[PDB]
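Undergrad: Sharing model.cif below, mmCIF, C-alpha atoms:
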data_target
loop_
_atom_site.label_atom_id
_atom_site.label_comp_id
_atom_site.auth_asym_id
_atom_site.auth_seq_id
_atom_site.Cartn_x
_atom_site.Cartn_y
_atom_site.Cartn_z
CA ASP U 1 -30.48 4.33 -28.24
CA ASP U 2 -30.76 6.67 -31.27
CA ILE U 3 -31.21 3.94 -33.89
CA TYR U 4 -34.04 2.42 -31.77
CA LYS U 5 -35.67 5.75 -31.06
CA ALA U 6 -35.78 6.42 -34.83
CA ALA U 7 -37.42 3.06 -35.45
CA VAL U 8 -40.08 3.97 -32.83
CA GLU U 9 -40.77 7.38 -34.50
CA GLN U 10 -41.47 5.49 -37.75
CA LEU U 11 -43.98 3.01 -36.24
CA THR U 12 -47.50 3.43 -37.64
CA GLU U 13 -50.43 4.31 -35.42
CA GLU U 14 -51.95 0.83 -35.81
CA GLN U 15 -48.62 -0.75 -34.81
CA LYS U 16 -48.47 1.47 -31.75
CA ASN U 17 -52.10 0.61 -30.95
CA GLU U 18 -51.26 -3.11 -31.00
CA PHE U 19 -48.23 -2.50 -28.76
CA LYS U 20 -50.49 -0.58 -26.38
CA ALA U 21 -52.83 -3.60 -26.16
CA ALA U 22 -49.77 -5.75 -25.26
CA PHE U 23 -48.57 -3.15 -22.73
CA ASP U 24 -51.98 -3.26 -21.04
CA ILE U 25 -51.52 -7.01 -20.47
CA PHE U 26 -48.15 -6.39 -18.83
CA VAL U 27 -49.36 -3.65 -16.51
CA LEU U 28 -52.68 -5.17 -15.52
CA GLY U 29 -53.02 -4.67 -11.76
CA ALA U 30 -49.87 -2.53 -11.35
CA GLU U 31 -50.07 0.25 -8.72
CA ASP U 32 -48.50 2.96 -10.92
CA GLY U 33 -49.60 1.75 -14.42
CA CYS U 34 -45.98 0.84 -15.19
CA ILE U 35 -44.04 -2.41 -15.71
CA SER U 36 -41.84 -3.40 -12.73
CA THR U 37 -39.79 -6.63 -12.43
CA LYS U 38 -42.88 -8.24 -10.88
CA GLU U 39 -45.06 -7.66 -13.98
CA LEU U 40 -42.20 -8.32 -16.39
CA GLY U 41 -41.37 -11.62 -14.65
CA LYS U 42 -45.00 -12.74 -14.64
CA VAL U 43 -45.36 -12.15 -18.35
CA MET U 44 -41.99 -13.66 -19.29
CA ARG U 45 -42.92 -16.83 -17.36
CA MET U 46 -46.37 -16.87 -18.96
CA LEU U 47 -44.47 -16.79 -22.27
CA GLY U 48 -42.35 -19.80 -21.26
CA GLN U 49 -39.14 -17.98 -20.32
CA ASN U 50 -37.39 -18.25 -16.96
CA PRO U 51 -35.30 -15.06 -16.43
CA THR U 52 -33.44 -14.49 -13.18
CA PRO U 53 -34.26 -11.38 -11.11
CA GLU U 54 -30.95 -9.91 -12.36
CA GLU U 55 -31.87 -10.51 -16.01
CA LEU U 56 -35.24 -8.89 -15.35
CA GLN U 57 -33.67 -5.84 -13.73
CA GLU U 58 -31.24 -5.51 -16.63
CA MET U 59 -34.09 -5.70 -19.20
CA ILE U 60 -35.74 -2.75 -17.45
CA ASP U 61 -32.50 -0.74 -16.99
CA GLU U 62 -31.75 -0.99 -20.73
CA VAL U 63 -34.75 1.19 -21.61
CA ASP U 64 -35.49 3.10 -18.38
CA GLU U 65 -35.05 6.78 -19.26
CA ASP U 66 -36.29 8.48 -16.10
CA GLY U 67 -34.63 6.15 -13.54
CA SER U 68 -38.03 5.04 -12.31
CA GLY U 69 -36.96 1.39 -12.14
CA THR U 70 -40.08 0.72 -14.24
CA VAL U 71 -41.13 0.69 -17.89
CA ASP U 72 -43.78 3.13 -19.16
CA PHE U 73 -45.36 2.83 -22.62
CA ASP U 74 -42.78 5.02 -24.37
CA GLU U 75 -39.98 2.95 -22.86
CA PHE U 76 -41.95 -0.20 -23.83
CA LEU U 77 -41.92 0.80 -27.51
CA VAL U 78 -38.14 1.08 -27.32
CA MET U 79 -37.98 -2.35 -25.62
CA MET U 80 -40.08 -3.84 -28.48
CA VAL U 81 -37.96 -2.43 -31.33
CA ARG U 82 -34.73 -3.42 -29.49
CA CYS U 83 -36.05 -7.00 -29.41
CA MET U 84 -36.09 -7.14 -33.22
CA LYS U 85 -33.65 -6.39 -36.09
CA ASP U 86 -34.09 -5.08 -39.54
CA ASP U 87 -30.54 -3.80 -39.25
CA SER U 88 -28.94 -7.18 -38.88
CA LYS U 89 -25.10 -7.46 -38.87
CA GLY U 90 -24.72 -3.66 -38.84
CA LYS U 91 -21.67 -3.51 -41.12
CA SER U 92 -18.28 -3.62 -39.45
CA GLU U 93 -15.18 -1.61 -38.56
CA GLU U 94 -13.39 -1.73 -41.94
CA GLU U 95 -16.34 -0.15 -43.71
CA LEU U 96 -16.61 2.60 -40.99
CA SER U 97 -12.87 3.29 -41.33
CA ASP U 98 -13.30 4.14 -45.02
CA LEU U 99 -16.32 6.32 -44.25
CA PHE U 100 -14.41 8.11 -41.45
CA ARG U 101 -11.76 9.19 -43.98
CA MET U 102 -14.54 10.89 -46.01
CA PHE U 103 -15.64 13.02 -43.04
CA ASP U 104 -11.99 13.95 -42.30
CA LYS U 105 -11.55 16.53 -45.08
CA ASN U 106 -8.21 17.93 -43.83
CA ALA U 107 -6.89 14.42 -43.24
CA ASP U 108 -5.82 15.15 -39.62
CA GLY U 109 -7.36 12.01 -38.14
CA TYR U 110 -10.24 13.84 -36.38
CA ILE U 111 -13.71 15.02 -37.37
CA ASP U 112 -14.07 18.65 -36.28
CA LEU U 113 -17.20 20.82 -36.12
CA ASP U 114 -16.71 22.36 -39.57
CA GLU U 115 -16.32 18.91 -41.13
CA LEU U 116 -19.42 17.65 -39.36
CA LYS U 117 -21.41 20.71 -40.50
CA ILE U 118 -20.32 20.26 -44.14
CA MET U 119 -21.37 16.61 -44.06
CA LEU U 120 -24.72 17.39 -42.40
CA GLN U 121 -25.62 20.09 -44.96
CA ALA U 122 -24.77 17.66 -47.77
CA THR U 123 -27.53 15.32 -46.57
CA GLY U 124 -30.22 17.72 -47.86
CA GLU U 125 -32.17 17.71 -44.57
CA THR U 126 -32.81 21.04 -42.85
CA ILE U 127 -29.98 21.33 -40.35
CA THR U 128 -30.50 23.48 -37.30
CA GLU U 129 -27.72 24.64 -34.99
CA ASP U 130 -29.14 22.20 -32.44
CA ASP U 131 -28.67 19.34 -34.83
CA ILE U 132 -24.98 20.15 -35.17
CA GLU U 133 -24.23 20.84 -31.52
CA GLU U 134 -26.13 17.76 -30.31
CA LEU U 135 -24.48 15.33 -32.67
CA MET U 136 -20.98 16.63 -31.79
CA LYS U 137 -21.71 16.34 -28.04
CA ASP U 138 -23.07 12.81 -28.64
CA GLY U 139 -19.90 11.85 -30.55
CA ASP U 140 -17.05 13.56 -28.60
CA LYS U 141 -16.82 11.58 -25.40
CA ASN U 142 -13.56 13.20 -24.15
CA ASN U 143 -14.78 16.81 -24.50
CA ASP U 144 -12.07 18.07 -26.93
CA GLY U 145 -14.78 19.21 -29.39
CA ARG U 146 -13.88 16.64 -32.06
CA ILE U 147 -14.65 13.05 -32.94
CA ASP U 148 -11.67 10.68 -33.13
CA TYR U 149 -11.65 7.32 -34.85
CA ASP U 150 -12.67 5.33 -31.71
CA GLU U 151 -15.41 7.86 -30.88
CA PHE U 152 -16.65 7.62 -34.49
CA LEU U 153 -17.02 3.83 -34.19
CA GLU U 154 -19.09 4.20 -30.97
CA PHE U 155 -21.02 7.12 -32.58
CA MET U 156 -22.04 5.00 -35.58
CA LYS U 157 -22.52 1.68 -33.69
CA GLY U 158 -25.62 -0.05 -35.10
CA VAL U 159 -26.24 2.62 -37.73
CA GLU U 160 -27.51 1.17 -41.02
CA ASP B 1 -70.71 -27.31 0.49
CA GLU B 2 -67.31 -29.00 0.31
CA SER B 3 -66.61 -27.91 -3.26
CA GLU B 4 -68.02 -24.45 -2.48
CA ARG B 5 -66.30 -24.26 0.90
CA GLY B 6 -63.28 -25.61 -0.88
CA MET B 7 -63.69 -22.96 -3.54
CA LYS B 8 -64.01 -20.32 -0.79
CA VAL B 9 -61.05 -21.78 1.20
CA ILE B 10 -59.12 -21.88 -2.00
CA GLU B 11 -60.31 -18.43 -2.97
CA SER B 12 -59.15 -17.36 0.46
CA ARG B 13 -55.90 -19.27 -0.04
CA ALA B 14 -55.62 -18.15 -3.60
CA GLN B 15 -56.09 -14.62 -2.36
CA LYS B 16 -53.55 -15.11 0.39
CA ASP B 17 -51.16 -16.54 -2.16
CA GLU B 18 -52.09 -13.86 -4.70
CA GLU B 19 -51.44 -11.17 -2.17
CA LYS B 20 -48.26 -12.88 -1.11
CA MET B 21 -47.45 -13.14 -4.80
CA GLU B 22 -48.03 -9.44 -5.37
CA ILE B 23 -46.55 -8.52 -2.02
CA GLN B 24 -43.46 -10.54 -2.71
CA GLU B 25 -43.43 -9.29 -6.31
CA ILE B 26 -43.71 -5.63 -5.33
CA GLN B 27 -41.32 -6.24 -2.49
CA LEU B 28 -39.13 -8.22 -4.90
CA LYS B 29 -38.94 -5.27 -7.16
CA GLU B 30 -38.05 -3.27 -4.10
CA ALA B 31 -35.59 -5.95 -2.84
CA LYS B 32 -34.06 -5.86 -6.31
CA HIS B 33 -33.99 -2.09 -6.10
CA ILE B 34 -32.40 -2.41 -2.69
CA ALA B 35 -29.94 -4.81 -4.28
CA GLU B 36 -29.41 -2.25 -7.00
CA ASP B 37 -29.06 0.40 -4.31
CA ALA B 38 -27.02 -1.91 -2.09
CA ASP B 39 -24.80 -2.61 -5.04
CA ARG B 40 -25.04 1.05 -5.96
CA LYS B 41 -23.89 2.25 -2.54
CA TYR B 42 -21.36 -0.55 -2.64
CA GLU B 43 -20.09 0.77 -5.91
CA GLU B 44 -20.02 4.32 -4.69
CA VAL B 45 -17.99 3.37 -1.63
CA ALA B 46 -16.01 0.64 -3.44
CA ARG B 47 -15.31 3.07 -6.19
CA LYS B 48 -14.15 5.52 -3.57
CA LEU B 49 -12.07 2.68 -2.24
CA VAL B 50 -10.66 2.26 -5.76
CA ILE B 51 -10.16 6.03 -6.21
CA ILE B 52 -8.62 6.46 -2.79
CA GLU B 53 -6.69 3.26 -3.44
CA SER B 54 -5.63 4.60 -6.82
CA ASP B 55 -4.50 7.76 -5.07
CA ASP Q 1 -69.20 -29.54 -9.93
CA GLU Q 2 -69.29 -25.90 -10.87
CA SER Q 3 -67.93 -24.82 -7.51
CA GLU Q 4 -65.35 -27.57 -7.92
CA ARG Q 5 -64.46 -26.13 -11.36
CA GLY Q 6 -64.46 -22.72 -9.75
CA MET Q 7 -62.12 -24.23 -7.20
CA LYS Q 8 -60.01 -25.89 -9.91
CA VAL Q 9 -59.47 -22.57 -11.56
CA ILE Q 10 -58.83 -20.73 -8.33
CA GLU Q 11 -56.85 -23.70 -6.96
CA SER Q 12 -54.82 -23.64 -10.11
CA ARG Q 13 -54.63 -19.93 -9.49
CA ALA Q 14 -53.65 -20.52 -5.91
CA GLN Q 15 -51.04 -22.92 -7.25
CA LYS Q 16 -49.82 -20.40 -9.79
CA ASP Q 17 -49.86 -17.67 -7.19
CA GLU Q 18 -48.35 -20.02 -4.66
CA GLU Q 19 -45.61 -20.97 -7.04
CA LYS Q 20 -45.14 -17.43 -8.05
CA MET Q 21 -45.10 -16.15 -4.48
CA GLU Q 22 -42.59 -18.85 -3.60
CA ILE Q 23 -40.57 -17.85 -6.59
CA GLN Q 24 -40.89 -14.19 -5.78
CA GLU Q 25 -40.23 -14.96 -2.12
CA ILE Q 26 -37.14 -16.94 -2.92
CA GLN Q 27 -36.13 -14.27 -5.37
CA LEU Q 28 -36.94 -11.69 -2.72
CA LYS Q 29 -34.88 -13.52 -0.25
CA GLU Q 30 -32.10 -13.61 -2.77
CA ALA Q 31 -32.56 -10.05 -3.97
CA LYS Q 32 -32.58 -9.13 -0.35
CA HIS Q 33 -29.64 -11.45 0.33
CA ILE Q 34 -27.92 -9.83 -2.60
CA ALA Q 35 -28.81 -6.52 -1.10
CA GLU Q 36 -27.60 -7.73 2.26
CA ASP Q 37 -24.53 -9.17 0.67
CA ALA Q 38 -24.09 -5.96 -1.24
CA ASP Q 39 -24.66 -4.10 2.04
CA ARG Q 40 -22.17 -6.44 3.67
CA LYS Q 41 -19.83 -5.70 0.83
CA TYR Q 42 -20.66 -2.04 1.28
CA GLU Q 43 -19.57 -2.36 4.86
CA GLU Q 44 -16.58 -4.50 3.94
CA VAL Q 45 -15.59 -1.83 1.45
CA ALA Q 46 -16.73 1.02 3.69
CA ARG Q 47 -14.52 -0.17 6.52
CA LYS Q 48 -11.86 -0.99 3.98
CA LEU Q 49 -12.54 2.40 2.47
CA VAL Q 50 -11.63 3.74 5.85
CA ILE Q 51 -8.59 1.45 5.93
CA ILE Q 52 -7.79 2.61 2.38
CA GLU Q 53 -8.43 6.25 3.26
CA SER Q 54 -6.26 5.66 6.28
CA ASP Q 55 -3.77 3.94 4.00
#
Let me see whether you can do it: turn the structure in this file into C-alpha cells.
TA:
Amino acid sequence: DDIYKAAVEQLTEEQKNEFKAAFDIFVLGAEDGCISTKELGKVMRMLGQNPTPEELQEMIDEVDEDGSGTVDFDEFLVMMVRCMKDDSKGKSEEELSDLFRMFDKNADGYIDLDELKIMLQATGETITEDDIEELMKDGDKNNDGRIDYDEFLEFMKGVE
Amino acid sequence: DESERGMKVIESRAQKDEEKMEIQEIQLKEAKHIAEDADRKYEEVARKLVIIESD
Amino acid sequence: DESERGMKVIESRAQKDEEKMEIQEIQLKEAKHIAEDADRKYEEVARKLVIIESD
C-alpha cells in the first residue's frame, strides 16, 4: 500500500481533477456515490474487458480501506496508481540483502529500534517519534520489536 | 404510432430491463457480498474446524 | 423515423440492459449459488466442525 499511497500524495491537482471526472463516470447512478461491483463491471465491459464477478470483487477488495465493499474517490486514486508502474521490476532480493547488512550495525542479523532510528535520522527528513514507531510496527510482523531478514524483504517490497 | 408505441414499449422494456439490470447489479453486489460473507462465515467455521482439528 | 431512432437507441439500450441484466442475473445466480455453496460448505464444515469439536 505505502508505495501507492505515496504516489497518490504526489499527484498534481489537475491529475486528480481528471481522475475525478473518470470517477464520476463510474459512479453515475450509484445509490451511495461509490463504485460497487455493478458499476465496476459495467465500466470494465464498456472498456472491452470481461471480468468475472470474483475478479471484480478482488479488484475492489485490493483498495477498500473501510470495508465498505465499495470504492470511494480516495480508494479510486489508489486503484489508478496501482494500475500503472514507474517502479517497474522493483529490484530483487540480492540487492535488498546487501542493503539489510547496512541497517544491521551490530551484525546480529536483525534491525532493532536504535538501528532504525540511526538510519532514519541519516535521511535528513524531520523524524518524529511517530515515524519511528510506525515504521517498526509496519516491519516487525512477529511482535519481537525487531525486523528480521524475511520481514525486511516484505517491508521493502516494491520500494524503489 | 408503431415506432412511437414501439419506442414506448421499448422504453418500458428498456426500463424494465434497466431496472432488472440495476436490481440484479445491486443485488449482484449483495449476492457477491453474501458469497464473500458465505465464504467468510465458511472460513470462520472452517478455520475453527482447522484449529479444532489442529488441536 | 425519429421515434424509430429513439426506439433503436432505447432498444439497443434495452438490449444492453437486457444483456447486462442477464449477465448480472446469471452472475447473481452464481454469486448466490456460490453463497449457497459457501453456505452449504459452511454447514458441511459447521456440522463437521461439530464432528471435529466432538473429535
Undergrad: I need the contact residues of chain B against chain Q, so if you could list those with any atom within 8 Å, counting only C-alpha atoms, and return them as JSON, numbers by chain, that would help.
TA: {"B": [3, 4, 6, 7, 8, 10, 11, 13, 14, 15, 17, 18, 20, 21, 22, 24, 25, 27, 28, 31, 32, 34, 35, 36, 37, 38, 39, 41, 42, 43, 45, 46, 48, 49, 52, 53]}
Undergrad: Pairing the C-alpha atoms in order and superposing chain B on chain Q, what is the resulting RMSD?
TA: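 That gives an RMSD of 1.5 Å.
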Undergrad: Atom CA of residue 44 of chain U to atom CA of residue 157 of chain U: how many Å, to one decimal?
TA: 28.7 Å
Undergrad: Just to confirm, what's the straight-line distance from atom CA of residue 100 of chain U to atom CA of residue 135 of chain U in Å (one decimal)?
TA: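 Going from atom CA of residue 100 of chain U over to atom CA of residue 135 of chain U covers 15.2 Å.
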Undergrad: Just so the selection is clear, what residues does the PyMOL selection byres ((chain U) within 7 of (chain B)) cover here, as a PyMOL selection string?
TA: chain U and resi 36-38
Undergrad: Set the distance at 8 Å and use all atoms listed in the file: which residues neighbour residue 110 of chain U once local chain neighbours fewer than 5 positions away are removed? I'd like the list as a list in words.
TA: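 Selected residues are residues 104, 146, 147, 148 and 149 of chain U.
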Undergrad: Excluding same-chain residues fewer than 5 positions from residue 59 of chain U, what lies within 9 Å of it counting only C-alpha atoms, as a list in words?
TA: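 That gives residues 37, 40, 54, 64 and 79 of chain U.
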Undergrad: What is the distance, in Å and to one decimal place, between atom CA of residue 65 of chain U and atom CA of residue 88 of chain U?
TA: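 Interatomic distance, atom CA of residue 65 of chain U to atom CA of residue 88 of chain U: 24.8 Å.
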Undergrad: Could you work out an axis-aligned bounding box for all listed atoms of segment 11-19 of chain U, with 4 Å added on each of the six sides, and give its centre and edge lengths in Å to one decimal, as lines of an AutoDock Vina configuration file?
TA:
center_x = -48.0
center_y = 0.6
center_z = -33.2
size_x = 16.1
size_y = 15.4
size_z = 16.9
Undergrad: Select all residues near (-21.7, -2.6, -33.1) (cut-off 10 Å, inclusive, file coordinates), counting all atoms listed in the file, and output them as a ChimeraX atom specification.
TA: /U:89-93,153-159
Undergrad: Need to verify the contact set: residue 71 of chain U, 12 Å, only C-alpha atoms, exclusion of same-chain residues closer than 6 positions in sequence. Can you return it as a list in words?
TA: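 The residues satisfying every condition are residues 23, 24, 26, 27, 30, 32, 33, 34, 35, 36, 37, 38, 39, 40, 56, 57, 58, 59, 60, 61, 62, 63, 64, 65, 77, 78, 79 and 80 of chain U.
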Undergrad: Save the residues we just selected, C-alpha atoms, as a PDB file, keeping the file's coordinate frame?
TA:
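That gives us out-v7.pdb:
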ATOM      1  CA  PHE U  23     -48.570  -3.150 -22.730  1.00  0.00           C
ATOM      2  CA  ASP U  24     -51.980  -3.260 -21.040  1.00  0.00           C
ATOM      3  CA  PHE U  26     -48.150  -6.390 -18.830  1.00  0.00           C
ATOM      4  CA  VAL U  27     -49.360  -3.650 -16.510  1.00  0.00           C
ATOM      5  CA  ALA U  30     -49.870  -2.530 -11.350  1.00  0.00           C
ATOM      6  CA  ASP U  32     -48.500   2.960 -10.920  1.00  0.00           C
ATOM      7  CA  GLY U  33     -49.600   1.750 -14.420  1.00  0.00           C
ATOM      8  CA  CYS U  34     -45.980   0.840 -15.190  1.00  0.00           C
ATOM      9  CA  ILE U  35     -44.040  -2.410 -15.710  1.00  0.00           C
ATOM     10  CA  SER U  36     -41.840  -3.400 -12.730  1.00  0.00           C
ATOM     11  CA  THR U  37     -39.790  -6.630 -12.430  1.00  0.00           C
ATOM     12  CA  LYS U  38     -42.880  -8.240 -10.880  1.00  0.00           C
ATOM     13  CA  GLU U  39     -45.060  -7.660 -13.980  1.00  0.00           C
ATOM     14  CA  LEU U  40     -42.200  -8.320 -16.390  1.00  0.00           C
ATOM     15  CA  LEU U  56     -35.240  -8.890 -15.350  1.00  0.00           C
ATOM     16  CA  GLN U  57     -33.670  -5.840 -13.730  1.00  0.00           C
ATOM     17  CA  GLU U  58     -31.240  -5.510 -16.630  1.00  0.00           C
ATOM     18  CA  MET U  59     -34.090  -5.700 -19.200  1.00  0.00           C
ATOM     19  CA  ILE U  60     -35.740  -2.750 -17.450  1.00  0.00           C
ATOM     20  CA  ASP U  61     -32.500  -0.740 -16.990  1.00  0.00           C
ATOM     21  CA  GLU U  62     -31.750  -0.990 -20.730  1.00  0.00           C
ATOM     22  CA  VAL U  63     -34.750   1.190 -21.610  1.00  0.00           C
ATOM     23  CA  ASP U  64     -35.490   3.100 -18.380  1.00  0.00           C
ATOM     24  CA  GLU U  65     -35.050   6.780 -19.260  1.00  0.00           C
ATOM     25  CA  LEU U  77     -41.920   0.800 -27.510  1.00  0.00           C
ATOM     26  CA  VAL U  78     -38.140   1.080 -27.320  1.00  0.00           C
ATOM     27  CA  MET U  79     -37.980  -2.350 -25.620  1.00  0.00           C
ATOM     28  CA  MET U  80     -40.080  -3.840 -28.480  1.00  0.00           C
TER      29      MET U  80
END
Undergrad: For this file, the PyMOL selection byres ((chain U and resi 136) around 8) selects which residues, as an mmCIF file with C-alpha atoms, in the coordinates of the input?
TA:
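expr-v1.cif was written with the following content:
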data_model
loop_
_atom_site.group_PDB
_atom_site.id
_atom_site.type_symbol
_atom_site.label_atom_id
_atom_site.label_comp_id
_atom_site.auth_asym_id
_atom_site.auth_seq_id
_atom_site.Cartn_x
_atom_site.Cartn_y
_atom_site.Cartn_z
ATOM 1 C CA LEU U 113 -17.200 20.820 -36.120
ATOM 2 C CA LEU U 116 -19.420 17.650 -39.360
ATOM 3 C CA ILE U 132 -24.980 20.150 -35.170
ATOM 4 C CA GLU U 133 -24.230 20.840 -31.520
ATOM 5 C CA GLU U 134 -26.130 17.760 -30.310
ATOM 6 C CA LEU U 135 -24.480 15.330 -32.670
ATOM 7 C CA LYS U 137 -21.710 16.340 -28.040
ATOM 8 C CA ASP U 138 -23.070 12.810 -28.640
ATOM 9 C CA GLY U 139 -19.900 11.850 -30.550
ATOM 10 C CA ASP U 140 -17.050 13.560 -28.600
ATOM 11 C CA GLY U 145 -14.780 19.210 -29.390
ATOM 12 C CA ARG U 146 -13.880 16.640 -32.060
ATOM 13 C CA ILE U 147 -14.650 13.050 -32.940
#
